[PDB]
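got a structure for you, letters missing:
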């Protein structure tokens, strides 16, 4: 059938921004308190 081509990259793409994004978020408000 097919051995895929862009799977490890995409699976790693979204798996990073989402977390790294909310990261600076907590540090932001947690710094204003």
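Structure's in. What do you need? Numbering: from 1, shown residues only.

now the helices for the chain?
Along the chain, the stretches classed as helices by DSSP state H are 8-32.

report the central residue of it.
By Cα atoms, centre = their mean, the mean C-alpha position of the chain lies nearest to residue 16, the distance being 2.1 Å.

distance between stretch 22-33 and the chain's centre?
Averaged C-alpha coordinates place stretch 22-33 at 17 Å from its chain's average position (Cα atoms, centre = their mean, to the nearest Å).

should've said stretch 9-16
Centroid separation for stretch 9-16 versus its chain: 7 Å, with Cα atoms, centre = their mean.

tell me how many other residues crowd residue 18.
Close neighbours of residue 18, defined as other Cβ atoms under 10 Å, add up to 9. Any C-beta I mention is one placed from the backbone N, CA and C, and that applies to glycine too.

separation between it and residue 25?
Shown here: residue 18 relative to residue 25, a distance of 11 Å by Cβ to Cβ, to the nearest Å.

ok, now residue 32?
Remark: distance between residue 32 and residue 25 (Cβ to Cβ) = 12 Å.

which of these two has more neighbours?
Comparing residue 32 with residue 25 by neighbour count (other Cβ under 10 Å), the higher total belongs to residue 25, at 10 against 5.

distance of the more buried one relative to residue 31?
Look at residue 25 and residue 31: by Cβ to Cβ, they are 11 Å apart.

residues near residue 15, how many?
Residues within reach of residue 15, counting by other Cβ under 10 Å, total 9.

and for residue 26?
Summarising burial for residue 26: neighbours were counted as other Cβ under 10 Å, giving 9.

same check on residue 20?
9.

how far away is it from residue 13?
Relative to residue 13, residue 20 is positioned 12 Å away (criterion: Cβ to Cβ).

same question for residue 5.
When distance is defined by Cβ to Cβ, residue 5 is 14 Å away from residue 13.

okay then, goodbye and thanks.
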